[PDB]
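> Test case, fold it:
(chains A, B and C)
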Amino acid sequence: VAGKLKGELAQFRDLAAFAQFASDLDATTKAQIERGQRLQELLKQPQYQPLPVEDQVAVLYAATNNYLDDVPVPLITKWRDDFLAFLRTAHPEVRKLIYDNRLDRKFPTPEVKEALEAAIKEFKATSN
Amino acid sequence: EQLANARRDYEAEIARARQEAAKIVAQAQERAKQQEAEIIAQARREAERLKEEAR
Amino acid sequence: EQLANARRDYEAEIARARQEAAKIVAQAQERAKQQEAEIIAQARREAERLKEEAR
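Residues are numbered from 1 along each chain as shown, chains lettered A, B, ... in the order given. Please see the structure below:
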């Protein structure tokens, strides 16, 4: 899950000045700026609130599979927190499913890709 | 015929919207029943952990 | 106008269904949260009483 995260963050860091006051960019530079801002806001975490491995896997899967693109920049921390709360309560079985097969070579198993993308879609439709 | 199909589609779309809204409320009720059930269960588990660490 | 109003009615009533589903899940969550708060409070008080008796 984290290779795409690292690459996109590196591209965004390369594209620094353009984000902040260049206004003549296509939606190719600006797309990377947007996605990098999404991921950077995703890493903003409070104190004394650690996230287990399945939580980070689910959040980064949502972020890197374009399921978070429509969310505006300042609301991403709240989106992550709400998605986690939904995931504790609405579907603990998907958390258990992620945690059980986090060690297999090909993690996005169809059993896992289903019931995780499904949960993401349910949260997207139900909230906002 | 344009007007006829438009009217029939208007009422039929209302009907299918009510069917999908019934599905939506069913899903919301299922989510609520779930969420409350394991919220109480997690409260029970946390109380059990509190007793265990107290011991 | 029938086409436009059909689209508007479908979207508006689907939105209303979603909003009332949101209210349903919200009130269920509030009930679960306050019950959990009571559970944790009584568990903490049990732990404190047990600590006093252990002392």
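
> Number of residues surrounding residue 9?
By default, I'm working from chain A. Neighbours of residue A:9 under the rule other Cβ atoms under 10 Å in any protein chain shown: 18. The C-beta positions use only the backbone N, C-alpha and C, and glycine is treated the same way.

> my bad, chain B
Neighbour tally, residue B:9, other Cβ under 10 Å: 14.

> so the residue nearest to it when sequence neighbours are not counted is in which element?
Distances taken as Cβ to Cβ, 6 or more residues apart in numbering or on different chains put residue C:6 closest to residue B:9, at 6.3 Å, once the chain neighbours are dropped. In the assignment (DSSP states H and E), residue C:6 maps to helix C:2-54.

> any idea how far that helix is from the chain center?
How far helix C:2-54 lies from its chain's middle: 0 Å, per Cα atoms, centre = their mean, to the nearest Å.

> quick one, that helix and helix B:2-54 angle?
10 degrees (axes from the mean of the first three to the mean of the last three Cα atoms, to 10 degrees).

> I figured the residue nearest to residue B:9 hits residue B:6, correct?
Yes - the pair residue C:6 / residue B:6 is scored as a contact, 7.4 Å apart, by Cβ atoms under 8 Å.

> Give the helix, strand or coil label for the residue of chain A most remote from its centre.
Most distant from the centre of chain A: residue A:24, at 27.8 Å, with distances by Cα atoms, centre = their mean. The three-state label for residue A:24, taken from DSSP: H, G, I helix; E, B strand; the rest coil, comes out as coil.

> Which positions in chain A make contact with chain C?
A:89, A:125-127 (Cβ under 8 Å from any Cβ of the partner chain).

> Who has more neighbours out of residue C:6 and residue B:6?
Taking neighbours as other Cβ under 10 Å, residue C:6 and residue B:6 compare with residue C:6 leading, 19 against 14.

> Noted, bye for now.
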